[PDB]
Amino acid sequence: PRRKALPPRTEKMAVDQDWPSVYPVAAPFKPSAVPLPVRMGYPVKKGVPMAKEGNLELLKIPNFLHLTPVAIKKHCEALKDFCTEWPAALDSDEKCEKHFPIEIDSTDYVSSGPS
Amino acid sequence: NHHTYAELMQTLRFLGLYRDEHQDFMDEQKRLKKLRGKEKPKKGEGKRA
Amino acid sequence: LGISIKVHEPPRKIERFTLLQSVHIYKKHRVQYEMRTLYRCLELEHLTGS
Amino acid sequence: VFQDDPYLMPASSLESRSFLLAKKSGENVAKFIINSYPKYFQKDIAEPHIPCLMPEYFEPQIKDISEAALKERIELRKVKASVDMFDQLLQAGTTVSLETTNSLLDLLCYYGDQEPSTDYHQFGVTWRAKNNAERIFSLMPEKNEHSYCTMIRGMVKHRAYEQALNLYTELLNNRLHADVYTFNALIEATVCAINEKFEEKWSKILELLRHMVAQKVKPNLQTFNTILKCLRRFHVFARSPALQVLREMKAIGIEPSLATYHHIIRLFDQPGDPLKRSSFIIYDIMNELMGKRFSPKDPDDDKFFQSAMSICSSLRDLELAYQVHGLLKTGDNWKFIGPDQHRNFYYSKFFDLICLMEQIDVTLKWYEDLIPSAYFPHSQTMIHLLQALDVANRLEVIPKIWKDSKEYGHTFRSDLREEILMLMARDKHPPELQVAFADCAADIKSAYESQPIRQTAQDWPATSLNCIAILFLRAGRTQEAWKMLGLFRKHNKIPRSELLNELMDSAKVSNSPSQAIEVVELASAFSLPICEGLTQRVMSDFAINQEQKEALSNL
Amino acid sequence: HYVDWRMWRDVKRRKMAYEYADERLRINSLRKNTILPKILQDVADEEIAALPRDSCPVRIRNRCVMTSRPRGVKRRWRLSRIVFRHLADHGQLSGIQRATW
Amino acid sequence: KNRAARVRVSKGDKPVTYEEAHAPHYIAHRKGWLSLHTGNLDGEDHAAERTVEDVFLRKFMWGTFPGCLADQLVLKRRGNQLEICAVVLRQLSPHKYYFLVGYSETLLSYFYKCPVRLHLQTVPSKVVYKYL
Amino acid sequence: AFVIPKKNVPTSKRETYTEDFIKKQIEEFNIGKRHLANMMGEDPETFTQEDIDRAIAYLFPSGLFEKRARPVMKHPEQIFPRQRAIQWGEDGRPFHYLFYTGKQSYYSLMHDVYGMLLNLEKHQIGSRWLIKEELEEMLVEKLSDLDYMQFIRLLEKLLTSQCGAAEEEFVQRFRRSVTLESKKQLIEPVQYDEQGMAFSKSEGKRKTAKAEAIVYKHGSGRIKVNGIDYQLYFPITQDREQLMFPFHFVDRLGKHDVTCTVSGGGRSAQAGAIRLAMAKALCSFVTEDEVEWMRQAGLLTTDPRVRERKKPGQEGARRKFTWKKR
Amino acid sequence: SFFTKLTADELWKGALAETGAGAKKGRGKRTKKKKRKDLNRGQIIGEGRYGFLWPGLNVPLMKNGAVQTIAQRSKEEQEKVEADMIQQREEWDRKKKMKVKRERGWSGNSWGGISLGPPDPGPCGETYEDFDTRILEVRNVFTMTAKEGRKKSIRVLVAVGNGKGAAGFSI
RNA sequence: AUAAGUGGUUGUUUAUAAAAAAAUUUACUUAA
RNA sequence: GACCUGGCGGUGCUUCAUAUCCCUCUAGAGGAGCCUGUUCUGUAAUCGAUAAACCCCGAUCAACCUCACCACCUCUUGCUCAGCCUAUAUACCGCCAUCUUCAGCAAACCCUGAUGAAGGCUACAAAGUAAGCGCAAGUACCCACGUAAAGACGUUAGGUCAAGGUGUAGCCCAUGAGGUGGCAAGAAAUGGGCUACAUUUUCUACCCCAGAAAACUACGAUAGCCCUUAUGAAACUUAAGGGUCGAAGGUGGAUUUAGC
Ligand SMILES: C[NH+](C)c1cc(NC(=O)CNC(C)(C)C)c(O)c2c1C[C@H]1C[C@H]3[C@H]([NH+](C)C)C(O)=C(C(N)=O)C(=O)[C@@]3(O)C(O)=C1C2=O
Ligand SMILES: [K+]
Ligand SMILES: [Mg+2]
Ligand SMILES: [Mg+2]
Ligand SMILES: [Mg+2]
Ligand SMILES: [Mg+2]
Ligand SMILES: [Mg+2]
Ligand SMILES: [Mg+2]
Ligand SMILES: [Mg+2]
Ligand SMILES: [Mg+2]
Ligand SMILES: [Mg+2]
Ligand SMILES: [Mg+2]
Ligand SMILES: [Mg+2]
Ligand SMILES: [Mg+2]
Ligand SMILES: [Mg+2]
Ligand SMILES: [Mg+2]
Ligand SMILES: [Mg+2]
Ligand SMILES: [Mg+2]
Ligand SMILES: [Mg+2]
Ligand SMILES: [Mg+2]
Ligand SMILES: [Mg+2]
């Protein structure tokens, strides 16, 4: 015979699951793993936007499914541990430049590529 | 580096791991011309001296 | 994370340039292209290195 | 590690294994090409530089005869190049450093003068008496302690115990102390060499310990683990000595690793009914190890959990299994569960025990968590989940269990495709369940029809056939149920008494005398002893006189 | 395996020009001032005029890297207008669209 | 008449994909970019080197998965990473797909000196937007 | 027998959305609606459509200039085209007595409205006749423009004659509503400075020039453009005549003080931006009738005439290169 | 250059020259017509010139329950594989040079008398397998158009009949 | 109700075809 | 002989014509010098475009390079599992011109014509229903406006084998590859542009309330000579500046372009 594809696992997903476990990091939109009936595509006349499956328009979006509000709050809790506290004495900019007269500026440039 | 892009993709074809539709096309045409007798003459040992 | 943050949109940049539309002649016919660069500045304030 | 497509998702444990080998196979072909054509991959674009995405060079690039050039062949583990260069270098008469010679020996001994195979260009004794390693030692003018030690260790791996012991004698003749590793290798040699009883081996062991103490050699974890590893042959006489060893390490300060307990639990778990002695020890071990983060220290640390779980399941200790599993899930301990074999074994046993000894609701919770997230079931572990559902009198789930059975590659498994029917047909049920099981029934019917085993031999368990028929009747597909009758005669599979008995009701519900006659006429042809009893009921219930004589005349 | 012999002649020019750049720089510096004696600058003139002609950087031509075209190349992508458009028109250049205003 | 990247009308019988069905004047309007990196942004560098890499990969993938691709690649870049999002068909053995994923990823990571991933999305048949 | 190649005439899959198909879509939307609220950490029971749109916009961000090309997750009834229900049963008899006209809905309506007019004989702003595209959706029948026009004629003929409450509510089914925008100038708040002086401030824009004016309720006629007297900032008279224009028109030369700032453009576009900014700020201190007259004098409109781009292959915005016949 | 190589679709479209001004108005009068060959037809993924055997692609992944390693066919063995490939191509081409015997009607080159088989089955299961269909006349008729010019249509006359009294004809 | 001459040559419908590649061992360590 | 469809008519009528007809409005081109194409002449010395729809066109660009040209001197499995800017754009893909400052092209049916090529219109309706593709809608830019963009099927074997690729034919000690040097001029004739001929001007100051100039260095060259500088290895040539020099020109014949 010819290997048949299993059904999408969105059906086995609980309407109350924790979504952050499904997409922990940035990953490309997978129709079989996202339980949303989302459609995209300029519709033909008397037609509907195209279904998620095989929809190359949805695969061209840089999606934010790995950064839901839930996920962010959870993430930032685990990261409060890493950050230290601003000197409460340095309330205003007046106080900043009283105690620290020099300011050093520098820029970092984030860009995609091998180098 | 055009020497690297052609030489890599040439071995990948000789290794069986890359299909070169263009080189397949040109091989077919070359094969047919040979049948018609329109084959490249041997260098030096040509019709002329 | 308890950081003070303000956001504004710096105005966009649209870089356009023109090319010939045909391979050989027809100088009066061009294709024009652009690249939009959109911006958002996150102004964070009073942070420690960590 | 798998691709997340409905069509590339593995759908069985075989695929789970096969798909990862295919991905790894393609990586070898890449790495084979990358290393065979380095020039196509020698253009570094990365900043910062990535050393690991560069090609590798395995051939020694210095052909001059010098001490430095020797190191390359040794570092490059090129046994043939080193010996050939060594021969020429020796003929030149130049001096070879003791350290350089020692390193050359390690490579030759470690691999037994057998070149490690890479990319492209078992039963029996692999060691050969006329091997170059032996010759090199003779040529070696000076032989230090490492020379003797390294040679013995390799002999152990190649089963050359007898001469290794003889070589150990020469070391003693030179009044040279051996290292910890030499002793650890020797311990296995003495025990594996001869098949003497424990007491004889025990005495020999104590002799070496006295040598170890006399030589002021401080033992390692491996030192003791080797003992426990060898003591598995004396599967009952080494039990008490083992407890001495365990307590001794704790005294010295060496904390037992997972490999230690692995040897222990294997040793104490022998074929026996009570196994209460073992039982106690297992329990104590787990109590000792509760909430203990482990680090890899012994090569056998990975085999613990599979053994632990096996015993837990053999003793049927659900509360102990939760402690074993509870330990695996602490910190980074899950990394010790070992290869795929170990992992299936663990989860297969662990879950069998759950289905048997746990509440059904909690079994379904563990069913959803473990499968296929962590474990691709075997055909059997579906049966156990079926049985556990029966014991819990939860047959509303059997339909779901059938779907999953197909989705894990158990559509054709004979054993499984029967139990489901039996349980679904054993009893009558409310209309809903009856209908529900009838839909599942037709689904399994398709499987029996399109059996791939049919190419070999089509099997049709009459019991399975019965269950189907019953369920089709309870739904109303009498016509389809009647088609089964043809199949019985076709496959020459006599129906079950219960199927024949229930066939009477089918005619009564339909109130179609014509069909009722057909059932009896066919059953009578087979002269089944149960059929005769049915004929008496039919003749009393409904039977035309003219039709009776026609049946008799055939006899 | 370059697109043609005109590209191949530019590949070599770019490579030779790179080899001699430090020498050419040093010699120019001598002859690009009023400080040094003219008898010395005149020697420098001779010296740099004797370096191979294909090390002279003005002889480099920015050809389409795909088709070798010597004119009509956008320098940010090193492609001719014909080749640039073909990728731009299929959607294959990140962030580049048709301009309308 | 304009020709660039237009599929002509034909006779109502030509299957075309959403991608193919849209002309270049729809590239920021009704459809997106098949590649996404930072080279072509104002102030950014290396647009040329990104472009040569993208022309090779599309060619590389087309011949490496012969007859399998059901649409165009989506090329993504995030920092050091490269993502190749193919939509393939369901005719090749999943064993062969896994071989090719492992092969292509490995070979491309050593060629372009970066982590390269390849996300397949199988479809039964080529998704038809319109019958031109 | 010559076998002619069988043409795949029905290549184009025609839109066929069975009622069962829709219900399976509404099911998936409800299930998906709950997953969406779960991801967003919101209450599945109060997740409105506007929460679906906000969430989908964030999770699948697209800049595509057309909204119909962006990702969407809507109720299947707002997405799929409404379709006519099966018009005959299993026996094959159509359910409507006007089936065979092809337009049972349109001619049913026409039959009804005609009767309503017939019975009447036996008895004796802000709203718009729905457009055709609307009636076709109300009737689900592709309709001709001449059909529509004939239909509307009956309706209007119905309005003319006396109608009861029952008839009027019928007509209203086809009379839509038109919100009417007011062309009435919005008046700027009167504010007060530290010294308690009343002023209003407004903005004006002319070409690339932008002006901000503060008009004081009381003053002498002092305009100070960018800190300079108006006569010195605008040495050109035409420029000064433009600043006079707002105040002269309402008879208020010499009654107000103005502080403006302008930037961009050239001198005369600056004069016209300041004119507009001053006129708008001045609306707070005149009557509503005077504001309307100022609107009808063209003093309160932004001038939209701005420089047009040059086109390629031309000399200018409109100017062409010389055309050479031969 | 690797980057100047195009796809088979682009290559055949240019080489075949199905479109162009030649096709229009019968300007091109070269009867000889090439046909597109799918050069991917007999191609196996993983099969190359050097004869390497890739486990999991070109050869089976597992042998005797063990994972195979990279292997390469012998030179003598590879010759057979390449020689066999040539044979299949030739025989595949052989099938397409065989001329089919078209049963002739009133004349060798005439459409009259040729049979078109039974009428196509109706929409609602209506069937016409009783009826035969013979062509009576094929004629290229022309009209003139403002844009193109000589526009060809085909007028065809057929007759249908079951041989039991029922018959008809249509254009 | 003015007057408006000319344009070498040449040119069209001969008949249909198709592929697949693929599936034996479903869980240890161990010993003689 | 008689038709059908189209074209065309110095064909009728009726409407129209939008910087899309005429009368109208504004600024120009055709005369001068200059700049830059083309042709023609020349040269040993490239190719392409060449009514509209070629003529500052391929070129968002040639001192060498670029380069394809000419002369001379070299090389021969040759950067390439060769190469060819050799022929054929009338074999083609690719990308376009043109009507188009269009609204039409239409598969599938049904009907009409005695079942001919063909044809299919009436709303108080009389045989057409039509999916698709254009137009439209939508979107870009500062709006519902405008400008872009879009703009089918076809027409002109229209342009482009010299962007690249390529069918067919040809070259393979050469029609290929490389080095050195060189041409790329003007009797002229014409296309497009720039600057002028001045008083609504010229020069300074200022960038809008000034002073001067104004037919002998008035107005008027961005042209010639001289010098310097910039870039470059190379500049009598390319560009910038300065000086010198004050030419033709005194609002341009037939005709002709653009703009709401
Ligand atoms: C000899 N004539 C009949 C001809 C022949 C060919 N080519 C061949 O016959 C080639 N034969 C080979 C293949 C070499 C054996 C031809 O290729 C051509 C033409 C005609 C020209 C005419 C061109 C003309 N102008 C530019 C000189 C023109 O203006 C038009 C026009 N329509 O206005 C053209 O059609 C023209 O440009 C053109 O295309 C021609 C040819 O194509
Ligand atoms: K050619
Ligand atoms: Mg155009
Ligand atoms: Mg202008
Ligand atoms: Mg004459
Ligand atoms: Mg004529
Ligand atoms: Mg006519
Ligand atoms: Mg002029
Ligand atoms: Mg002139
Ligand atoms: Mg020329
Ligand atoms: Mg020419
Ligand atoms: Mg030509
Ligand atoms: Mg012409
Ligand atoms: Mg040549
Ligand atoms: Mg042409
Ligand atoms: Mg063409
Ligand atoms: Mg000709
Ligand atoms: Mg508009
Ligand atoms: Mg336009
Ligand atoms: Mg439009
Ligand atoms: Mg031509």
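Heavy-atom basis, side chains included; hydrogens, waters and symmetry copies ignored. Residue numbers start from 1 in every chain, and the chains themselves are labelled A, B, ... in the order their sequence lines are given, proteins ahead of strands.
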Within 45 degrees of the axis of the six-membered ring of G:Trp323 and under 6.0 Å from its centre: does G:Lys325 put its NZ or CZ there?
-> no
By the criterion of two distances each under 3.5 Å, are J:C67 and J:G179 a Watson-Crick or G-U wobble pair?
-> no
Watson-Crick or G-U wobble partner of J:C81, both distances under 3.5 Å = none
Identify whether J:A87 and J:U190 are a Watson-Crick or G-U wobble pair (both distances under 3.5 Å).
-> no
Under a cut-off of 3.5 Å for both distances of each Watson-Crick or G-U pair, what dot-bracket string does RNA chain I give, using [ ] for crossing pairs and | for inter-strand pairs?
-> ................................
Base J:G78 paired with B:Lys43 side chain (donor-acceptor, <3.5 Å) = yes
So, are J:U147 and J:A140 sitting in a Watson-Crick or G-U wobble pair, both contacts under 3.5 Å?
-> yes
Interatomic distance, CZ@D:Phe376 vs OG@D:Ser16, rounded to 0.5 Å, equals 5.5 Å
Indicate syn or anti for J:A52, taking the glycosidic torsion and treating anything within 90° of 0 as syn.
-> anti
Just checking, are the bases of J:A157 and J:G158 stacked by our 5.5 Å, 30° definition for the six-membered rings?
-> no
Check every strand shown and say whether G:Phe2 touches a base, only sugar-phosphate, or nothing at a heavy-atom separation below 4.0 Å.
-> base
What is the distance, rounded to the nearest whole Å, between atom CG of E:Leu51 and atom P of J:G232?
-> 15 Å
Stacked or not: do J:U175 and J:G176 have six-ring centres under 5.5 Å apart and planes under 30°?
-> no
May I ask whether J:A117 and J:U101 qualify as a Watson-Crick or G-U wobble pair, both distances being under 3.5 Å?
-> no
Determine whether any donor atom in the side chain of E:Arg6 lies under 3.5 Å from an acceptor atom in the base of J:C85, or the reverse, and answer yes or no.
-> yes
Assign the ring pair C:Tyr26 / C:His29 to parallel, tilted or perpendicular, where the plane angle (0 to 90°) is split at 30° and 60°.
-> perpendicular
Adjacent-base stacking, J:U20/J:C21, criteria 5.5 angstrom and 30 degrees | no
Among J:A62, I:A27, J:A27, which nucleotide sits nearest the side chain of E:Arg61?
-> J:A62
Which pairs, with at least one residue in residues 15-29 of chain H and sequence neighbours excluded, count as a salt bridge (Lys or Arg N to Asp or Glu O under 4.0 Å)?
-> none
H:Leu6 CG to J:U166 P, straight-line distance once rounded to whole Å = 8 Å
Take G:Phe321 and C:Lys28 through the side-chain contact (heavy atoms from CB on, under 4.5 Å) test and state the conclusion after the steps.
-> CA-CA 10 Å; G:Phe321 295 132; C:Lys28 265 188 309 178; 4.3 Å; yes
Base-pairing result for J:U112 and J:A118, Watson-Crick or G-U at under 3.5 Å | yes
With both distances required to be under 3.5 Å, indicate if J:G211 and J:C203 make a Watson-Crick or G-U pair.
-> yes
Please confirm whether any donor atom in the side chain of E:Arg71 sits under 3.5 Å from an acceptor in the base of J:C61, or the reverse.
-> no
B:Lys33 atom NZ is separated from J:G167 atom P, nearest whole Å, by 8 Å
Starting at atom NE2 of C:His29, determine the distance to atom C1' of J:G158, rounded to an integer number of angstrom.
-> 13 Å
Donor-acceptor pair under 3.5 Å: do we get one between G:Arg326's side chain and the base of J:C54?
-> no
Look at the side chain of H:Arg41 against the base of I:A18 and say whether a donor-acceptor pair falls under 3.5 Å; ignore hydrogens and angles.
-> no
Looking at the six-ring of each base, are J:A144 and J:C145 less than 5.5 angstrom apart at the centres and less than 30 degrees apart in plane?
-> no
Any donor-acceptor pair under 3.5 Å joining the side chain of F:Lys14 to the base of J:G132?
-> no
Quick one: does NZ or CZ of H:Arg155 land under 6.0 Å from the six-membered ring centre of H:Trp111, within 45 degrees of the ring axis?
-> no
Under 5.5 Å between six-ring centres and under 30° between planes, true for I:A19 and I:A20?
-> yes
Could you check whether A:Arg3 gets within reach of a base, just the sugar-phosphate, or nothing at all, counting any heavy atom under 4.0 Å?
-> nothing
What does H:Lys5 touch in the nucleic acid at a heavy-atom separation under 4.0 angstrom: a base, only the sugar-phosphate, or nothing?
-> nothing
Would J:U18 and J:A174 count as paired if we go with Watson-Crick or G-U wobble and both distances under 3.5 Å?
-> no
Give a yes or no on whether J:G167 and J:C109 are a Watson-Crick or wobble pair, applying the 3.5 Å threshold to both distances.
-> no
Is J:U195 the Watson-Crick or G-U wobble partner of J:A32, both distances being under 3.5 Å?
-> yes
Aromatic A:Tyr42 / basic G:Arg68 pairing, under 6.0 angstrom, 45° off normal = no
Report yes if a donor N or O on one partner sits less than 3.5 Å from an acceptor N or O on the other, where the partners are the side chain of E:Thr100 and the base of J:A148; otherwise report no.
-> no
Polar contact flag, side-chain donor to acceptor under 3.5 angstrom, C:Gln21-F:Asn2 = yes
Between C:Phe17 and E:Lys74, is there a cation-pi geometry (under 6.0 Å to ring centre, at most 45° from the normal)?
-> yes
